[PDB]
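Remarks on the structure that follows.
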Amino acid sequence: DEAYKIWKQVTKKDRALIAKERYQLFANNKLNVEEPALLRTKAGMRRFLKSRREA
Amino acid sequence: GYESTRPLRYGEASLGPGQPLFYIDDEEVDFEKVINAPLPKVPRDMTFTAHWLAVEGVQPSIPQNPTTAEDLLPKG
Amino acid sequence: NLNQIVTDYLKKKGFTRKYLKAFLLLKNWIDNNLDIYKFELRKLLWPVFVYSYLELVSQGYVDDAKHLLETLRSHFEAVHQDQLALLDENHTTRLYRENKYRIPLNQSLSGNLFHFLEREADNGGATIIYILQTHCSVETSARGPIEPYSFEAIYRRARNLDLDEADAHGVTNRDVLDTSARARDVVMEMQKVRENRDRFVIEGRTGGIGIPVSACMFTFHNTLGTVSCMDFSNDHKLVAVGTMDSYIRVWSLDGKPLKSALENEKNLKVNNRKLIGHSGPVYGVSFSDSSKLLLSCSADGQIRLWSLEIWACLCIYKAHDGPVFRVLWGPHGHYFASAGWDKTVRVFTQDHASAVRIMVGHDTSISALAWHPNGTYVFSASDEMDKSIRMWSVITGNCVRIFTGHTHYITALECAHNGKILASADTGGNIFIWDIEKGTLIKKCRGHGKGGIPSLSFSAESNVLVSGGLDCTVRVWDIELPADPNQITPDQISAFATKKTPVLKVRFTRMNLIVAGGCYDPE
């Protein structure tokens, strides 16, 4: 296709970063206690609200 | 007679140096003025809305919540 | 020295030194499963019923057997008409007794069923376990779930395979696999289930922080300060407000029409209604254990009972001299309590016009009420020169516990779901946590402003508390801080500020989620 190729070209870097974070969190099927916690913030919700207004 | 919506005013008289007296401010009016006056404005009917005050312990920055500009977290 | 006084007083006083419940439980559980399994589990419905009915006929409970047969006849009216007619000793019954039913099932499905039955053993699981162990044989197979269009049936039909002996034997997989288109260790299985379930228990709390919580806020507009009291129904479907204009207003919380049983009111479209009939300001509203009944109390000194199906008053109770301030349904909703200006606490049942119990001993007006989750105790608080909390037994009518320590007007009382802890709040911003059996204060929580904390609520496990205040804040409190791993008190987890809306009601759901209500004042 072409839309799929453009989507990959646009999202590759962010997807790689998120995959790396998730992979580091659960190494050896054990919850690594030294990694950052999973917490919700206000900047992320502001980004979500921006996207929702776009929609 | 204490449910009136008129403003409460006071007038001052003098019994001498440093001896003031206070009286309620009234004034005779016509019946034409009272009867012909317009009515106050009717407020809208009761209703309710909904919104998210917090999500998983974090308040979102939506119009329905207070702004950060304007003592909630312990600092001991 | 009060200890010496008490010791002297004690020394001088001579003190020395049936089957339908199980069927419905199973039906609901089957209804709540994934679709891909629903074909198999339904095979359990027909046997569990039939044998059960016969059992009653064997025990002489003819009326119960008839009621059970009639109630469940609708579910099978389209298939088992002949069998139902025959049942309503024959050779068929003898064959049923001699030959035990066969119930083929998948391995994982069997494991899920056994774990579910164990998890609800005392609510009806034991009945089904016994029935299956006695008059059934669940031939388990390691196949996948069987459906008319699943992979198993398609593959078997395409390859023209034969019928397995276990699944050979009123609908069966044969009619799905026929060309016309192992054993068991119950009891031992339950033992293994319990032994394995015992291995995944959490037994402490060292380190970490409190629990995240979500909140949903309902705001009322154009009230002009006429709203006195607010309440939510048990299922979060209705909201009621009592005003200073003597009327009550009820709304559906999702905006759908409210329904009336009157013929003239058939298919009427309104989502809010008014209850009229009090002569003074309303100070309390209480939903009964869908909610059918409402209780209200007013400054005119009366208590009124309303039907929420026809939206009219049913009964008036007139046992008070002066205004009534608070009224409360019991934990299961047949008894209720009331209190107000004349310093007496009254307990009624909806059956009788006169109060059945009278509680005397407070020296001032009553300002707060609460029930115990077992339904046999009540809590009251007074103001002014007597700022104490009293605990009353309903069987005798006497006081059993007194709690002292508040120095401000008390606004709320709340008992934990485990029946062991009590909480109170006042107009100074403090929350007191009390041990009930010892009569001692466990601790104090600080951080709210001054003015009054009208509402408190415990979570399902009673390990977290949520409070709402007239300072326009909602706060969350840890009831026990974690062990040390080696103006505001450190046991607060969260505080959420509202937008110019004092909080009147807060309540916990089944999850880590709370609902709050209030009135908006733009000025």
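Quick note on labels: first sequence line is chain A, next is B, and so on, each numbered from 1. Because only heavy atoms are used, hydrogens play no part in the values below, and waters and symmetry mates are left out as well, while side chains stay in.
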Measuring only between side-chain heavy atoms, which start at C-beta, is [X] closer than 4.5 Å to [Y]?
{"X": "C/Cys229", "Y": "C/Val282", "value": "yes"}
{"X": "C/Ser291", "Y": "C/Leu308", "value": "yes"}
{"X": "C/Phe220", "Y": "C/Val239", "value": "yes"}
{"X": "C/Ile211", "Y": "C/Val213", "value": "yes"}

Counting only N and O atoms by type, is there a donor-acceptor contact under 3.5 Å from the side chain of [X] to the main-chain atoms of [Y]?
{"X": "C/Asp300", "Y": "C/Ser279", "answer": "yes"}
{"X": "C/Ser298", "Y": "C/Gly280", "answer": "yes"}
{"X": "C/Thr223", "Y": "C/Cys519", "answer": "no"}
{"X": "C/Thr411", "Y": "C/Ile453", "answer": "yes"}

Review point. Which bit of B/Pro60 comes within less than 4.5 Å of chain C, counting heavy atoms only: side chain, backbone, both or neither?
Key: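 Neither part, no heavy atoms under 4.5 Å.
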
Check your understanding: With only heavy atoms counted, which part of B/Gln59 is less than 4.5 Å from chain C, the side chain, the backbone, both or neither?
Key ->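 Only the side chain of B/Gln59 comes within 4.5 Å of chain C.
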
Exercise for review: Locate the shortest heavy-atom distance separating B/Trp52 from C/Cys216; write the atom from each residue and the value.
Suggested key: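 Heavy atoms only, the tightest pair is CZ3-CB, 4.0 Å.
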
Review point. Any idea which heavy atoms bring C/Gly405 and C/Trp434 closest together, and the distance?
Key: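 The answer is N-CH2, 4.5 Å.
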
Review point. Who in residues 243-260 of chain C is close to chain B, using a strict under-4.5 Å heavy-atom cut-off?
Key: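 So far as heavy atoms go, C/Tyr247, C/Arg249, C/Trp251, C/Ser252, C/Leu253 are the residues that approach chain B to under 4.5 Å.
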
**Study point:** residues 493-517 of chain C: residues contacting chain B (heavy atom under 4.5 Å, by number)
**Key:**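 So the qualifying residues are C/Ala495, C/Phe496, C/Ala497, C/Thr498, C/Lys499, C/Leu513.
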
Check your understanding: So with a 6.0 Å cut-off around CD1 of C/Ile209, is the heavy-atom count from everything else above 12?
Key ->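 At most 12 heavy atoms, drawn from other residues, nucleotides or ligands, come within 6.0 Å of this atom.
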
**Study point:** Option that, when pairs with chain B are counted at under 4.5 Å, heavy atom only, ranks first among C/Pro490, C/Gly210, C/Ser214, C/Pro212
**Key:**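 Most pairs with chain B among the choices: C/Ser214.
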
Check your understanding: Salt bridge between B/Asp25 and B/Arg6, side-chain N to carboxylate O under 4.0 Å?
Key ->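 Salt bridge flag = no for B/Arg6 with B/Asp25.
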
Point to revise | Neighbourhood of chain C inside residues 33-46 of chain B, taking heavy atoms under 4.5 Å as contact | key: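 Listed by number, the contacting residues are B/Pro43, B/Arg44, B/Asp45, B/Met46.
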
Check your understanding: Once the angle between the rings of C/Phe218 and B/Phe48 is folded into 0 to 90°, is it parallel (under 30°), tilted (30 to 60°) or perpendicular (over 60°)?
Key ->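 Because their plane-to-plane angle lies in the 30° to 60° range, the rings of C/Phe218 and B/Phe48 count as tilted.
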
Would you mind writing out the side-chain donor-acceptor pairs for residues 470-477 of chain C within the sub-3.5 Å range, not counting sequence neighbours?
from     : atom 1 : to       : atom 2 : distance (Å)
C/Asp471 : OD1    : C/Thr473 : N      : 3.4
C/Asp471 : OD2    : C/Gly449 : N      : 3.1
C/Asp471 : OD2    : C/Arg475 : NH2    : 3.4
C/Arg475 : NH1    : C/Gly447 : O      : 3.4
C/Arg475 : NH1    : C/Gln492 : OE1    : 3.4
C/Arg475 : NH2    : C/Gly447 : O      : 3.3
C/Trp477 : NE1    : C/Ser467 : OG     : 3.0

